[PDB]
Amino acid sequence: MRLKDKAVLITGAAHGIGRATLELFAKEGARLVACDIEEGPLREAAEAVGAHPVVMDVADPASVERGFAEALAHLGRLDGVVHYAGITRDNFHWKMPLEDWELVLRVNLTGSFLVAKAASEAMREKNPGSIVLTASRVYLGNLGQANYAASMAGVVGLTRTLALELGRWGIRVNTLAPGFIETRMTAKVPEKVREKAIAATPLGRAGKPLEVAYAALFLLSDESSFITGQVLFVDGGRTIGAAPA
Amino acid sequence: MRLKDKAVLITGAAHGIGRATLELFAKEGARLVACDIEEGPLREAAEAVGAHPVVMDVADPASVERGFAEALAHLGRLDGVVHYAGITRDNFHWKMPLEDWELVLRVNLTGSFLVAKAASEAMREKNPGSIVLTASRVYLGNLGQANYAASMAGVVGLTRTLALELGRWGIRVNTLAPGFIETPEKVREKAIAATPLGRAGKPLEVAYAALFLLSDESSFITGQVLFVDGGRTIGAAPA
Amino acid sequence: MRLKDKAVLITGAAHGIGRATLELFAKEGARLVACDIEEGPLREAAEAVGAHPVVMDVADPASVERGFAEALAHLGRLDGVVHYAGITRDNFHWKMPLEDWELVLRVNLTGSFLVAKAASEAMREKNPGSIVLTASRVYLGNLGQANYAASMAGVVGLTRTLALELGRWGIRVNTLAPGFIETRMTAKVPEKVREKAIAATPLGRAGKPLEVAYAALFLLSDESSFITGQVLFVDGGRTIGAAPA
Amino acid sequence: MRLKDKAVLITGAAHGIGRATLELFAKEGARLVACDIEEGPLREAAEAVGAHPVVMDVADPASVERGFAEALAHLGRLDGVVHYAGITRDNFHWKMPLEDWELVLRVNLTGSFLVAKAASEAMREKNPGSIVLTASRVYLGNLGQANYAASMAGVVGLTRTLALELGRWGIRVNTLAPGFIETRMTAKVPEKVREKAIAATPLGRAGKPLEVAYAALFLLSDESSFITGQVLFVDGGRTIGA
């Protein structure tokens, strides 16, 4: 087991990637705290794997704070954190309402800052550790996603800065950049659009949440002890070359 | 002249870089609209160049909106925009108050969004054009600047996305990433030491990069990050 | 005139991009030396502009050396160099003969080293200056171009190292990365190819040699005096979305 | 075990990073073929782990070819390859002799092309697989290393091209970019350099070959099944800000 007795907290743990990550980490022997917005599915997901459920709204500074206090009270320490909690509000920029722009930045960018800052305080000067922040292949720009791309590009920048500041404290910070992963949130994607995303993917298929989880496992485990400030794309090569269409 | 009759609006036009850009563009024959927060220094910088002063708080949606209306009413068209307006609130993350984090994002990232969105609105399907957003070499991460780096990194992401959505309309979107520009003591030596060209940059030099990006000489260039940092970023993984 | 009386040497000056650059640089007041492999078309292109023709095989160490001695004898100094000489030998890697791989590397990568080295020797410790090497948007990887991509990616790496070593000598080194430029080796490219590239280009058109020439003018003139070690893409946004390198 | 029954070939397996990878991959249950230039230390490193030694000069087309024929005769299939074999010839460009420039490219850049080409040929249309080529953080430019920087940057471009071409065949191609790794080569490096290297490393120390080995394990195993065309830096953050 790669996370034997490691205390890890995971956000957005109730669905898709967060869920698959919670399961993989549990099999790897981690002492977990599952966080998400909705208590109902949070408890179900957490119980199915033996983790401790803690409702958290990564968008609410107070919520993130209370959550980490509970997690620390329950775990006693923090060895790593994988942050997922993210949303989208697609629209070409000229039809994008300010409210939609500010909501995704608040949730994805500031939310990552709040969770990361909390993760840092729980570890800095206490023990070495590893923080994994999730951005997206889209941070490089993508049609109809100026807000998503800006917020996730911001997360990459945050990661590199945090990595610079925490390095001497044995704390690593890296960011995942998944591509088109099949989850409940992508079920709505139209078939003519799916055919198009897959065509721009050298590996010719959609990704599976377990695959993102493994990337997370690697970054959080001691096997990546000499890797920090990095952006790991898990998009099947979707970003090697630019996607037309 | 490279901006002969071109209608250009410039933000942060009262300060160093913006001011230097107003002067250059004026010499290049542009019909300018100067924008900034403080009327006093704005009016003066605009008058010395023959530009039309328009007070603007890029952090305020309504101000940006009224601003562009005045610019359009005065120019009749918009051919390019160079957005500078930016701020910092340094601190190691563990000492960085949320308020500080949200202010720089609001002013730097959301401000760039409001300005670019208005610029686009004035040009899309009307005429080709060029938009230049100013980021910073720090978007690659820098000690004590999590908020600044994240916001500028967002600007780079915004510019790329904008470049993709506007390309078919003949509108180019590019981003300037200045390094260490003149107007501090031991902070200077370390900076210059990490600079291959061995010196601080001058606002004029950043203005020239803006001139290039906005003129028709960069007509086939869009979605790019142009570092004007004296090579301070060579050797660092690009983002 | 941004190149008033500046001594400039251009390789591949007889071909599309180089020719347009000779013409623009001539208008900008530069004292030019035009280099290329075939004497006939070189003399024609040089004369049409008032440049001094010097036949050169950028792949031959001695040819490059002789060429630069002529250049210096005629110019007396070197203010800048713009290098364009390059070749392609497409094929999926499994059908690529070693010979084709070694040729494009020798010409494109080693050829840039030879020219950059000569240019540097002519300026280092004598006067500040600007050197512009031409890579390609394809350095980021492209179907059927393992050799071209590898060689052009090497040029970017070469540029970056050279900018670090020459920085203190007031000598700047930058790379141009042109996209689909309408010249002659493209005039009759099969219509489905021309269509492919344009669909992947946000500005929706092929680039013109003159446009690459202006980027060269910018980088070489005193207007980019504080810019070095950079990769300037001139591909109409065709690379937007691809993970940077 | 992460590489159970996986048939893998590793170059430069006799020393440092390659040897560490060989050892790790053996514990992970891989059926290995160790390749390196010197038979003496090659057989030793391979025998100590149960790998099959095959002498190979990555700079020689025929040598690489015979090597893979032996590897295949012994393995019967190829599931992955980790290429390390590289060299340096430092010097500021004005003092860098052509021969030194051509040797590092031939060995590092062409060498990788030869090994990746043989690896691809053994897998394309036969089975999905993973190819890991080793570049270096220096691919981004470094004082006194024009030739090394260019060769490694070329490997990054090669990796990306290969990834695009082999994706449809279920074959992934990724590249490692190690930083300052504590080896029996960096030991002699003058303290001037050491202090300068460690100082520019957020993690404040040199890397160990095992750490680079783990990165290779990840990229070669099915754990990175949806990752291709990537450059994974294993430099302790040295490349974050230069």
# chains A, B, ... in the order shown; residues from 1 in each chain; ligands from 1
>>> interface_residues(of="chain A", to="chain B", cutoff="7 Å", atoms="only C-alpha atoms", output="short mmCIF file (atom, residue, chain, number, x, y, z; two decimals) with C-alpha atoms, in the first residue's frame")
data_model
loop_
_atom_site.label_atom_id
_atom_site.label_comp_id
_atom_site.auth_asym_id
_atom_site.auth_seq_id
_atom_site.Cartn_x
_atom_site.Cartn_y
_atom_site.Cartn_z
CA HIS A 93 -17.35 35.70 -23.88
CA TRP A 94 -19.81 38.11 -25.51
CA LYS A 117 -4.09 27.75 2.27
CA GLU A 121 -1.49 25.82 7.64
CA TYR A 139 -6.35 26.25 -18.72
CA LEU A 140 -4.58 26.51 -22.09
CA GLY A 141 -7.72 28.06 -23.55
CA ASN A 142 -10.87 26.56 -25.03
CA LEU A 143 -13.87 27.73 -27.03
CA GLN A 145 -14.77 28.66 -21.60
CA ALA A 146 -13.01 31.96 -20.94
CA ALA A 149 -9.83 28.55 -18.62
CA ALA A 150 -8.93 31.70 -16.67
CA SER A 151 -9.81 30.18 -13.30
CA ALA A 153 -4.95 28.83 -15.46
CA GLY A 154 -4.99 30.79 -12.20
CA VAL A 155 -4.78 27.53 -10.26
CA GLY A 157 -0.10 29.83 -11.28
CA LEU A 158 -1.13 29.41 -7.65
CA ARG A 160 3.79 27.14 -8.90
CA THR A 161 3.85 29.96 -6.32
CA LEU A 162 2.78 27.69 -3.43
CA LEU A 164 8.04 27.92 -4.31
CA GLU A 165 6.96 29.03 -0.85
#
>>> interface_residues(of="chain C", to="chain A", cutoff="6 Å", atoms="only C-alpha atoms", output="PyMOL selection string")
chain C and resi 200+239+241-243
>>> interface_residues(of="chain B", to="chain D", cutoff="7 Å", atoms="only C-alpha atoms", output="MDAnalysis selection string")
chainID B and resid 233:237
>>> interface_residues(of="chain D", to="chain A", cutoff="6 Å", atoms="only C-alpha atoms", output="number ranges by chain")
D: 164, 167-168, 202-203, 214, 223, 226-229, 234, 236-237
>>> residues_around(residues="residue 84 in chain D", least_positions_apart="4", cutoff="6 Å", atoms="only C-alpha atoms", output="VMD selection string")
chain D and resid 11 to 12 134
>>> select_by_dssp(residues="range 156-212 of chain B", states="strand (DSSP E or B)", output="list in words")
residues 171, 172, 173, 174, 175, 176, 177, 178, 181 and 201 of chain B
>>> select_by_dssp(residues="range 30-228 of chain C", states="helix (DSSP H, G or I)", output="number ranges by chain")
C: 39-47, 61-75, 93-95, 98-123, 137-140, 146-169, 191-199, 209-220, 222-224
>>> closest_residue(among="A:131, A:23, A:191, A:118", to="residue 72 in chain A", atoms="only C-alpha atoms")
A:118
>>> closest_residue(among="A:17, A:70, A:187, A:110", to="residue 103 in chain B", atoms="only C-alpha atoms")
A:110
>>> decode(residues="range 157-187 of chain A", atoms="N, CA and C atoms", output="compact mmCIF listing (two decimals), in the first residue's frame")
# COMPACT_ATOMS: atom_id res chain seq x y z
N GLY A 157 -0.97 28.79 -11.79
CA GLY A 157 -0.10 29.83 -11.28
C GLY A 157 0.02 29.78 -9.77
N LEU A 158 -1.10 29.51 -9.11
CA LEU A 158 -1.13 29.41 -7.65
C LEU A 158 -0.22 28.27 -7.22
N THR A 159 -0.37 27.14 -7.89
CA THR A 159 0.43 25.95 -7.62
C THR A 159 1.93 26.24 -7.68
N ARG A 160 2.37 26.84 -8.77
CA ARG A 160 3.79 27.14 -8.90
C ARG A 160 4.29 28.06 -7.80
N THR A 161 3.47 29.03 -7.39
CA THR A 161 3.85 29.96 -6.32
C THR A 161 3.90 29.20 -4.99
N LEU A 162 2.83 28.47 -4.67
CA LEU A 162 2.78 27.69 -3.43
C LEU A 162 3.94 26.72 -3.36
N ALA A 163 4.27 26.12 -4.50
CA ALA A 163 5.38 25.18 -4.56
C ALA A 163 6.68 25.89 -4.15
N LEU A 164 6.85 27.13 -4.62
CA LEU A 164 8.04 27.92 -4.31
C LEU A 164 8.13 28.28 -2.83
N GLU A 165 6.99 28.62 -2.24
CA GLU A 165 6.96 29.03 -0.85
C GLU A 165 7.05 27.90 0.17
N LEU A 166 6.49 26.74 -0.17
CA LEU A 166 6.49 25.59 0.74
C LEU A 166 7.63 24.59 0.53
N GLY A 167 8.35 24.70 -0.58
CA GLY A 167 9.45 23.77 -0.83
C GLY A 167 10.39 23.48 0.33
N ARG A 168 10.92 24.53 0.95
CA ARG A 168 11.85 24.36 2.07
C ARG A 168 11.21 23.71 3.28
N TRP A 169 9.89 23.60 3.29
CA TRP A 169 9.19 22.99 4.42
C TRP A 169 8.81 21.54 4.15
N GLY A 170 9.38 20.96 3.10
CA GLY A 170 9.08 19.59 2.75
C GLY A 170 7.68 19.39 2.19
N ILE A 171 7.01 20.49 1.85
CA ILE A 171 5.66 20.40 1.31
C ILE A 171 5.66 20.64 -0.19
N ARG A 172 5.18 19.64 -0.92
CA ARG A 172 5.12 19.70 -2.38
C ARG A 172 3.74 20.13 -2.83
N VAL A 173 3.68 20.79 -3.98
CA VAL A 173 2.40 21.23 -4.52
C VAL A 173 2.40 21.01 -6.03
N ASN A 174 1.42 20.25 -6.50
CA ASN A 174 1.32 19.95 -7.91
C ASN A 174 -0.11 20.07 -8.37
N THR A 175 -0.30 20.18 -9.67
CA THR A 175 -1.63 20.32 -10.20
C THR A 175 -1.93 19.30 -11.30
N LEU A 176 -3.13 18.74 -11.25
CA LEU A 176 -3.57 17.78 -12.26
C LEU A 176 -4.31 18.58 -13.32
N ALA A 177 -4.22 18.14 -14.57
CA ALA A 177 -4.90 18.82 -15.68
C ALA A 177 -5.61 17.79 -16.55
N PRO A 178 -6.71 17.21 -16.05
CA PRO A 178 -7.44 16.21 -16.84
C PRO A 178 -8.10 16.74 -18.11
N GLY A 179 -8.41 15.83 -19.02
CA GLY A 179 -9.06 16.21 -20.26
C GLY A 179 -10.54 15.90 -20.18
N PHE A 180 -11.04 15.18 -21.18
CA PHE A 180 -12.44 14.80 -21.21
C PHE A 180 -12.58 13.48 -20.45
N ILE A 181 -13.05 13.56 -19.21
CA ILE A 181 -13.23 12.38 -18.37
C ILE A 181 -14.72 12.11 -18.30
N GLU A 182 -15.11 10.85 -18.46
CA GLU A 182 -16.52 10.51 -18.45
C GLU A 182 -17.07 10.41 -17.03
N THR A 183 -17.96 11.34 -16.71
CA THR A 183 -18.60 11.39 -15.40
C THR A 183 -20.05 11.79 -15.61
N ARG A 184 -20.79 11.86 -14.51
CA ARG A 184 -22.18 12.26 -14.55
C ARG A 184 -22.29 13.63 -15.21
N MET A 185 -21.29 14.48 -14.97
CA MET A 185 -21.28 15.83 -15.52
C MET A 185 -21.07 15.94 -17.03
N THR A 186 -20.63 14.85 -17.65
CA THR A 186 -20.39 14.85 -19.09
C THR A 186 -21.43 14.01 -19.82
N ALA A 187 -22.41 13.50 -19.08
CA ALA A 187 -23.45 12.67 -19.66
C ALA A 187 -24.29 13.45 -20.65
